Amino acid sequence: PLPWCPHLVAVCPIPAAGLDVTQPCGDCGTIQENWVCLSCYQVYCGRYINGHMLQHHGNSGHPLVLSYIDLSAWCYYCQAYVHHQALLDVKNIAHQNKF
């Protein structure tokens, strides 16, 4: 992954409610291949399901999303995975909730 991207400034604090890696897609309710938005922490499905997270990106401009499958972070603008110390809080909480 990239060690940095200019959109990490948009990563927001984790809700103290925490993360639910089994939360369904906010639009279609699928339990498959969801992503969480690291700006507003809405959960939407990936492009191989119904593409609701890509739609969310298009209608919000929010850049960075985290996979509830493998905890990788995707930037829609950079079209790359990103990993940085700024993502470690969210990844560690997601990992604890998942495993």
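Sequential numbering from 1, following the sequence displayed.
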Ranked by mean Cα B-factor in the entry, 8 to 16 and 72 to 80, top stretch is 8 to 16
Taking the values exactly as deposited, rank residue 63 by C-alpha B-factor within its chain and report the matching third: lowest, middle or highest. lowest
Please say which third, lowest, middle or highest, residue 39 falls into when its CA temperature factor is compared across its chain. lowest
Relative to the other modelled residues in the chain, which third contains the C-alpha temperature factor of residue 90: lowest, middle or highest? highest
